[PDB]
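These protein sequences, in sequence, are chains A and A'. A prime marks a further copy of an entry chain.
The letter at position 249 of the first sequence is residue 249 when you use the deposited numbering, and the numbering goes up by one with no holes.
The letter at position 231 of the second sequence is residue 231 when you use the deposited numbering, and the numbering goes up by one with no holes.
Where is the CB? At the ideal position from N, CA and C, for every residue including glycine.
A short worksheet on the structure shown next.
2 protein chains.
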Amino acid sequence: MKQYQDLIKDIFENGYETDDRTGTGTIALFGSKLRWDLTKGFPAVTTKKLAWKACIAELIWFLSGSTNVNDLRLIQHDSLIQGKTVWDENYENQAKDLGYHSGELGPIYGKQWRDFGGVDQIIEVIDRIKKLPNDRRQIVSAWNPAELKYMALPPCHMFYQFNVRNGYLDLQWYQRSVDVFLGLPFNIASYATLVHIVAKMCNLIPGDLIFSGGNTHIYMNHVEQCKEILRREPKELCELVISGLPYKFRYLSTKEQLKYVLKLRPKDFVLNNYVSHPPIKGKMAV
Amino acid sequence: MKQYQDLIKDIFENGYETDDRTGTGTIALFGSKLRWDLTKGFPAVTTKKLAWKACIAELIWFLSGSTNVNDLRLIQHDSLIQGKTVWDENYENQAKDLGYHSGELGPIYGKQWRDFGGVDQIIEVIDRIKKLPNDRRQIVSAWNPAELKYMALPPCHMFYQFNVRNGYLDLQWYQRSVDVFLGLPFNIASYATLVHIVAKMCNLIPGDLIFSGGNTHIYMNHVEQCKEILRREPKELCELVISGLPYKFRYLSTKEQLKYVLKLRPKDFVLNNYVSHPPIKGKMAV
């Protein structure tokens, strides 16, 4: 892949080394977009052994309409209790700070996918693709103005449009704020897998992946370690294979196709002779 | 300005000369973005005497929370009855086809700006800018999944993010489908004027204008007349001045600032020594 290396550099010349909300300093640029051909490989850029298994588990949970953290524990960890997870120290303060207890995050992404005002928008957006493919309204908004008030973290990824080529499916997200250092990697992968799963239901060839950015930012946290991801040429990229889904699958009714989807825990998604790179550390919670 | 001339050409090489919904053929590309510096002039690209007065009147109406067509007639035409308008042959079939009568379009843009689920999102997004400026959540979604069902035309322009520079205001829209031939011009202008009006309330310098595209398309309707807009160098661009707003204005409470805004009919917005070009004809209804 090529275009990720570029963006990072172009945020440098951006100009605005600026103050922000829970201030310190950031160098950041408002207004980015990139495009990926999944045809020419699976774009999920490694380095740091990407905790991808927990990225795969958040996406499935998201697709289940859940909002209780222990459910996510069950998908990742086959255990409702043992095992940290990506929303834990996020529930333990922002969500518990609203009054919630042992489980709820509030009307988070999953619920707005499966229930925005009673519109089950996952199940029915896979029908427009199945049925009016070259339609343009095949969108799933997650920002619910009227329910922002009850959520732990209002969605950073809030919107997306699908486009049908002549045999390819394309997805495009809009993200409000991104941490290119340690965010944008987990997000490239989540919708890359979503255009895979939906292309397997619609039996379309996964096509291109486009990303629209709002406040793309790099934090002022001693950038020399992020810097290191410059100048390299990716050569051997990852194959992109899902398992456990029964042969009848692509003919099954949309509502019956997610039923089976949701039965896959993260072992079922795997990559062939995927580029190694080591894992260093250092993180900050979004 | 420069980047508009480019995009048009780059849709040509796109590949997909394709069938669509109310089919014929189109050449179209999914995934565009452009950026405009209003500092270096008012970007509204002329040619065809842009029926800009009706673009200015739709925006104010939008900002009034209305959804009744005659109200728009009042703003443009100072008359609840005499004078065509941009949503007329749109109400006269799509809206009347739902049952509506003499006036309603259904829960159109204006209502989702002023009332999405009871969130009055114009009035309160101008407070975040006034008050937490370097916040990232200062978004106004118009796509309401749960109320698409009652609208004449579900919004083509559905989303937008504002960003505060250090003294500039920036806006970015996402548009589901665009008719670059005869659409995208009326839209460049509508949010260009919206970053003006909101920069005058927030007393910020209008900054950059960015546009995210979904299905950017040119219709297969004998393109040689659109072609003509290639190869020219814009030189003298339009000054961008609003009138009638009382000197106290920039200190007035947000809710009191729109009150005055809405009192301006389209005569109050005007451009200095703005590039002439003639007006030919030919249109198709979106």
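Excluding five sequence positions before and after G213 (chain A), the CB atoms of its chain that fall closer than 7 Å to its own CB belong to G31, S32, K33, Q175 and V178, given in chain order. Among the residues of chain A', those whose CB is under 9 Å from the CB of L132 (chain A) are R21, following chain order. A Cβ of chain A is located within less than 8 Å of the beta carbon of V119 (chain A').
In the structure shown, the three-state DSSP call for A152 (chain A) is coil. Excluding residues up to 5 positions away in sequence, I60, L63 and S64 lie with their Cβ nearer than 7 Å to the Cβ of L262 (chain A') in the same chain.
Between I188 (chain A) and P43 (chain A) a beta carbon distance of about 6 Å is seen, short of the 8 Å cut, so the two are scored as contacting. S243 (chain A) and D268 (chain A) have their C-alpha atoms some 5 Å from each other. Taking CB atoms only, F181 (chain A') has no neighbour in chain A less than 8 Å away.
Around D97 (chain A), no beta-carbon contact reaches into chain A' at under 7 Å, the shortest distance being about 17 Å. Proximity to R21 (chain A) across A':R128, A':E236 and A':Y219 peaks at A':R128, based on C-alpha coordinates.
Residues of the region 29-46 of chain A with a C-beta atom less than 7 Å from some C-beta of chain A' are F30, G31, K33 and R35, listed in chain order. CA-to-CA, the gap between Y168 (chain A) and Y219 (chain A') works out to about 21 Å.
By alpha-carbon distance to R136 (chain A), the top candidate from A':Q121, A':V164, A':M158 and A':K40 is A':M158. Looking only at A':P145, A':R232 and A':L271, the smallest Cα-Cα distance to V241 (chain A') is reached by A':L271. Under the Cβ criterion of 8 Å, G214 (chain A) is counted among the residues facing chain A'.
Within the region 156-226 of chain A', the beta strand (DSSP E) runs of at least 3 residues that lie entirely inside it are, in chain order, 157-164, 168-179 and 205-219. In terms of CA proximity to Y274 (chain A'), A':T47 leads the group A':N14, A':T47, A':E17 and A':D10. When beta bridges are read from the DSSP output, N68 (chain A') appears opposite A':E104.
The beta carbon of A146 (chain A) falls within 8 Å of a beta carbon belonging to chain A', placing the residue at that interface.
Here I242 (chain A') carries a strand assignment [DSSP, helix/strand/coil]. Boundaries cannot be given for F249 (chain A'), as no alpha helix (DSSP H) includes it and DSSP labels it neither H nor E.
Beta bridge pairing from DSSP links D37 (chain A') with A':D208. Under the three-state reduction of DSSP, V125 (chain A) is assigned to helix. For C55 (chain A'), same chain residues with a beta-carbon under 7 Å away, outside a window of 5 residues either side, are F186, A189 and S190 in chain order.
For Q161 (chain A), the neighbours in chain A' by C-beta distance under 7 Å run, in chain order, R176 and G214.
Per DSSP, reduced to three states, the secondary structure at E17 (chain A') is strand. Neighbours of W143 (chain A') in chain A, taken as residues at a C-beta separation under 7 Å, are given in chain order as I139 and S141. DSSP, read as helix, strand or coil, puts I81 (chain A') in coil. Across the structure, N166 (chain A') and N70 (chain A) are spaced so that their CA atoms are roughly 43 Å apart. Here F269 (chain A') carries a strand assignment [DSSP, helix/strand/coil].
As a beta-bridge residue in DSSP terms, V119 (chain A) pairs with A:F116. Annotation for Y160 (chain A'): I139, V140, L171, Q172, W173, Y174 and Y191 place their beta carbon closer than 8 Å to its own, counting only its chain and skipping 5 residues before and after.
Per DSSP, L262 (chain A) lies in no beta strand (DSSP E) segment and is marked neither H nor E. Distance from the CA atom of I8 (chain A') to the CA atom of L230 (chain A'), rounded to whole angstroms, is 8 Å.
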